[PDB]
Trainee: 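Attaching a single structure in C-alpha cells format; questions to follow.
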There are 4 protein chains.
Amino acid sequence: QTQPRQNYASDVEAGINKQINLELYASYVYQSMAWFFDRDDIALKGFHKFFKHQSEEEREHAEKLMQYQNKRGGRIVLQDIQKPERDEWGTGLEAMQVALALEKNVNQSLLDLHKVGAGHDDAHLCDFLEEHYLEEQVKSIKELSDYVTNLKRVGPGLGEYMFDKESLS
Amino acid sequence: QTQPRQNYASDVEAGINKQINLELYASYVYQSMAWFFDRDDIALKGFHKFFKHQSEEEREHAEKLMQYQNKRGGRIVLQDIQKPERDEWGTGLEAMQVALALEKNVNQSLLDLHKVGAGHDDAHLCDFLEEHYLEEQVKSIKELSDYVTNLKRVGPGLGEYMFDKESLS
Amino acid sequence: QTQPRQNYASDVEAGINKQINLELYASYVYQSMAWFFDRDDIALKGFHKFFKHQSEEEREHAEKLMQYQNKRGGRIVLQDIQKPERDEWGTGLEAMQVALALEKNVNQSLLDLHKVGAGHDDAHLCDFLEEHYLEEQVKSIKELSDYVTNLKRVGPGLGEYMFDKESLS
Amino acid sequence: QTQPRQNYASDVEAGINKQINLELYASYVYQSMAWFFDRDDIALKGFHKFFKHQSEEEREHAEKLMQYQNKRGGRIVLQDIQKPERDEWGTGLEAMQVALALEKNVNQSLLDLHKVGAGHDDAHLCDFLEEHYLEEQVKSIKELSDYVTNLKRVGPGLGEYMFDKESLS
Ligand SMILES: [Cl-]
Ligand SMILES: [Cl-]
Ligand SMILES: [Cl-]
Ligand SMILES: [Cl-]
Ligand SMILES: [Zn+2]
Ligand SMILES: [Zn+2]
Ligand SMILES: [Zn+2]
Ligand SMILES: [Zn+2]
Ligand SMILES: [Zn+2]
Ligand SMILES: [Zn+2]
Ligand SMILES: [Zn+2]
Ligand SMILES: [Zn+2]
Ligand SMILES: [Zn+2]
Ligand SMILES: [Zn+2]
Ligand SMILES: [Zn+2]
Ligand SMILES: [Zn+2]
Ligand SMILES: [Zn+2]
Ligand SMILES: [Zn+2]
Ligand SMILES: [Zn+2]
Ligand SMILES: [Zn+2]
Ligand SMILES: [Zn+2]
Ligand SMILES: [Zn+2]
Ligand SMILES: [Zn+2]
Ligand SMILES: [Zn+2]
Ligand SMILES: [Zn+2]
Ligand SMILES: [Zn+2]
Ligand SMILES: [Zn+2]
Ligand SMILES: [Zn+2]
Ligand SMILES: [Zn+2]
Ligand SMILES: [Zn+2]
Ligand SMILES: [Zn+2]
Ligand SMILES: [Zn+2]
Ligand SMILES: [Zn+2]
Ligand SMILES: [Zn+2]
Ligand SMILES: [Zn+2]
Ligand SMILES: [Zn+2]
Ligand SMILES: [Zn+2]
Ligand SMILES: [Zn+2]
Ligand SMILES: [Zn+2]
Ligand SMILES: [Zn+2]
Ligand SMILES: [Zn+2]
Ligand SMILES: [Zn+2]
Ligand SMILES: [Zn+2]
Ligand SMILES: [Zn+2]
Ligand SMILES: [Zn+2]
Ligand SMILES: [Zn+2]
Ligand SMILES: [Zn+2]
Ligand SMILES: [Zn+2]
Ligand SMILES: [Zn+2]
C-alpha cells in the first residue's frame with residue numbers, strides 16, 4: 001500500500017475519483033452557461049459573471065478532491081469530461097433552474113459519499129466533507145432557490161434586465 | 001416600600017409590566033416576519049433586514065422598560081410571550097400593513113400609560129415616555145405609512161422587487 | 001416539497017423548531033436574571049452584565065436555528081415563550097446554579113437532536129451542531145461550573161461582592 | 001412686570017427661590033461629608049471624592065435655577081445656607097443612608113414644584129424640570145440605593161475598605 005494509506009477503503013477512493021469527475025463536469029456546465037450569456041443576442045453580463053464564478057468554484061472543488069486523494073494515499077484516475085446536455089440555456093430563470101437541479105445532483109453525490117465513508121468509520125473523510133462540501137452545497141442550493149423565486153417575481157423583459165443589474169450586478 | 005420608591009403608583013408599576021410584555025410581543029412578531037422573508041419561496045432580503053431591525057429595536061424598548069421599573073423601585077413581573085397570530089405574512093405590502101397596525105396598537109398602549117401617570121402627577125414617567133417612546137412611535141407609524149403607500153404605488157412583482165432594492169436596500 | 005429540500009427528515013425539521021423555542025426560552029430566563037441583579041436591593045452589576053450577555057447569546061442561538069430551518073427548506077413554526085419559573089433568583093451562587101442546570105438541559109436537547117439526525121444520515125445537521133452548538137455548550141457548562149465552585153469558595157457578603165468585581169468585572 | 005415675564009406665576013417664582021436654597025443646602029451637606037471622610041481617623045478617599053463630586057453637582061443644580069429665574073423674569077432672593085445637622089457622619093454606610101434620604105427630600109421638593117407649575121399650565125417650567133432635574137434625581141436615588149445595599153453586603157472593616165477601592169475608586 002502507499003506510504004500514507006490508513007483507514008481508507010477502496011470504495012471511498014473510487015468515490016473520490018467519481019466526485020472529481022462530477023465537479024469538473026459541473027464546472028464545464030457553468031462555463032457553457034457563462035459564455036451563453038455573453039452572446040450578443042443574450043447579453044446579460046451579471047448572469048455571465050455569476051456563472052463564470054460558479055464554474056471557477058467547481059474547478060476549485062475538483063482540485064481540492066485531487067489533493068484529498070493524494071493526502072490519503074489514493075490514486076487519482078481521471079475520466080473524460082462530458083460536454084453539457086445543451087449548447088443554449090434559455091432565459092435567466094431557465095438557467096438558474098438548471099443550476100439548482102445540478103447542485104442538488106452534486107449534493108446527493110456528496111451525501112452518498114459521506115454515507116459510504118461512515119460505513120467504514122472514515123472520520124477523516126467525514127470531516128473533509130463537512131468542512132468543505134456539505135454546507136457549501138446547502139448554501140449554493142438556497143442561493144439558487146432564492147434567485148429562481150425572484151426571477152419568477154420580476155418576470156421577463158425589464159424584470160430580467162433589472163434582476164441582472166440589482167441581484168447579480 | 002423599596003428604597004427608591006417615590007411618587008410611583010401601583011397602577012403605573014403594573015402598566016410598566018404590561019408594556020414590557022407588549023414590546024417583547026412586538027419583537028417576536030417582527031422576528032417571525034423577518035425570517036418569513038428569508039424563506040426560499042419569498043426571498044426578499046430588504047424586507048428580511050428591515051423586520052430584523054424592527055425586532056431588535058422592540059427588544060431594546062422592552063429592556064429600557066425593565067431598567068425603568070427597577071429605577072423607580074417597582075418590580076418586574078414577566079409573562080409569557082405569546083406566539084404571533086400567523087406563521088406566514090403574505091406580500092411585502094401585507095406585512096407592512098400588519099406592522100403599521102401593530103405599531104398603532106403599541107402607541108395606544110403607551111398613550112394610555114401616559115394618561116395613567118398624568119392622573120398621578122408622575123412627571124418622571126411622563127418625561128420617560130416623551131423622551132424615549134412617544135415620538136419614536138410617531139416616527140415609526142409615519143415611516144410604515146409611507147412604505148404602505150409606496151408598496152401600493154409600485155404594485156406586485158417587479159414593483160415589490162424594486163421597492164426591496166431601492167427603499168429597503 | 002420546497003425548492004431546497006434534500007435529505008431533511010420531518011422529525012429533524014420538527015426538532016429544529018423545538019430547539020428554537022428552547023433557545024428563546026433560555027434567552028428569557030437569562031433576561032429575567034439580568035434585571036433581577038439590577039434591582040436596588042440586589043445591585044450586582046457584574047452578574048447583571050453577565051446574564052445580559054448570556055441572554056443575548058441565546059437569542060443569537062435561536063436566530064441561527066431560524067436561518068438553518070430556511071436553508072434546509074423547512075418551515076419555522078413558533079410557539080409561545082413561557083415565562084421563567086421564578087421572578088427572583090436568589091444569591092449570585094444560586095443564579096449560577098440555575099444557569100448551569102439550564103445549560104445542561106439545553107445541551108441534552110441538542111445531543112438528542114444530533115442523535116435524531118444521525119439516524120437519518122443527516123451529515124449537514126451534524127456539521128451544523130458540531131460547528132455552532134455542541135462545543136459552545138460544553139464551554140458554557142465548564143465556565144458556569146467554574147463560577148459555581150468559586151462562588152462557594154468566596155462565600156456570601158464580601159465574597160460575593162469581590163467575585164462580582166474580579167471574575168465578572 | 002419685567003421685560004421677559006410671561007406665563008410665570010408668583011408662586012412658581014417663589015418655589016424656584018426655595019429650590020435654590022435647598023440645592024445650596026444639599027451642596028453644603030455633601031461638602032461636610034466629603035471633608036469628614038478626609039479626616040485622618042476616617043481616611044476613605046473614595047467616599048471623600050464621591051461626596052466632593054456630589055457637592056459640586058448640587059452647586060451646579062442651584063446655579064441652573066438661578067439662571068432659570070432670570071430667564072423667566074423672576075428675581076433671585078437668596079436666604080441663609082443652614083449648616084448641616086451633624087458635624088460627623090459615621091460609617092460609609094451611614095453617610096450613604098443620609099445622602100439617600102436627602103436626595104428623596106430634594107426630589108419631593110422638585111415634584112411639588114412641578115405640581116405647582118402644572119396647575120398654572122407652566123409648560124416651560126415642566127420642561128425645565130423634566131430635562132434637568134427629575135430623571136437626574138431618580139438616577140441619584142437609584143445609585144445611592146445600590147450603594148447602601150452593597151455597603152450592607154460587604155460589612156464593616158475590610159468590606160468598607162474594599163467598597164471604597166472597588167465601587168468608589
Ligand atoms: Cl460519519
Ligand atoms: Cl403628564
Ligand atoms: Cl452524525
Ligand atoms: Cl405639567
Ligand atoms: Zn464499502
Ligand atoms: Zn467575462
Ligand atoms: Zn458564490
Ligand atoms: Zn466552494
Ligand atoms: Zn462543487
Ligand atoms: Zn461524450
Ligand atoms: Zn456546485
Ligand atoms: Zn464526522
Ligand atoms: Zn459523518
Ligand atoms: Zn481542509
Ligand atoms: Zn439600479
Ligand atoms: Zn391610578
Ligand atoms: Zn439576516
Ligand atoms: Zn428604524
Ligand atoms: Zn426605538
Ligand atoms: Zn416598541
Ligand atoms: Zn399561547
Ligand atoms: Zn414599535
Ligand atoms: Zn411631562
Ligand atoms: Zn405628560
Ligand atoms: Zn432616558
Ligand atoms: Zn437600483
Ligand atoms: Zn426519524
Ligand atoms: Zn445593563
Ligand atoms: Zn460568554
Ligand atoms: Zn454562542
Ligand atoms: Zn443556547
Ligand atoms: Zn404559560
Ligand atoms: Zn446556553
Ligand atoms: Zn458529522
Ligand atoms: Zn454527528
Ligand atoms: Zn465535524
Ligand atoms: Zn455555519
Ligand atoms: Zn479588585
Ligand atoms: Zn399657584
Ligand atoms: Zn480631595
Ligand atoms: Zn455622579
Ligand atoms: Zn446633576
Ligand atoms: Zn440637586
Ligand atoms: Zn442656623
Ligand atoms: Zn442631589
Ligand atoms: Zn410638560
Ligand atoms: Zn409636567
Ligand atoms: Zn436646558
Ligand atoms: Zn482591587
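For the numbers below, each heavy atom of this structure counts, side chains included, while hydrogens, waters and symmetry mates do not. Letters A, B, ... mirror the listed sequences (proteins, then strands); counts begin at 1.
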Trainee: Would you say C/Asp41's side chain and D/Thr149's backbone share a donor-acceptor pair under 3.5 angstrom?
Mentor: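 Checking the backbone N and O of D/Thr149 against the side chain of C/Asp41, no donor-acceptor pair under 3.5 Å is found.
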Trainee: With side-chain contact (heavy atoms from CB on, under 4.5 Å) as the criterion, how do C/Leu158 and D/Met162 come out once you've worked through the C-alpha distance, each side chain's angles and the decisive distance to 0.1 Å?
Mentor: CA-CA 9 Å; C/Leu158 177 61; D/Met162 289 309 302; 4.2 Å; yes
Trainee: Is the shortest side-chain heavy-atom distance between D/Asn150 and C/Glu160 below 4.5 Å?
Mentor: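 No; the side chains remain at least 4.5 Å from each other.
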Trainee: Looking at D/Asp146, is its backbone amide N or carbonyl O close enough to the side chain of C/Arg39 to form a donor-acceptor pair, meaning the two atoms are under 3.5 Å apart?
Mentor: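 Side chain of C/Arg39 to backbone of D/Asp146: no pair is present.
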Trainee: Considering only heavy atoms, which portion of D/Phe163 lies under 4.5 Å from any heavy atom of chain C: side chain, backbone, both, or neither?
Mentor: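 Both parts, heavy atoms under 4.5 Å.
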Trainee: Could you tell me if the side chain of D/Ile141 sits less than 4.5 Å from the side chain of C/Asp40, heavy atoms only?
Mentor: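 Answer no - side chains too far apart.
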Trainee: To check you understand the geometry: which heavy-atom pair defines the closest contact between D/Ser167 and C/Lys165, and what is its length?
Mentor: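 Shortest heavy-atom contact: OG-NZ, 3.3 Å.
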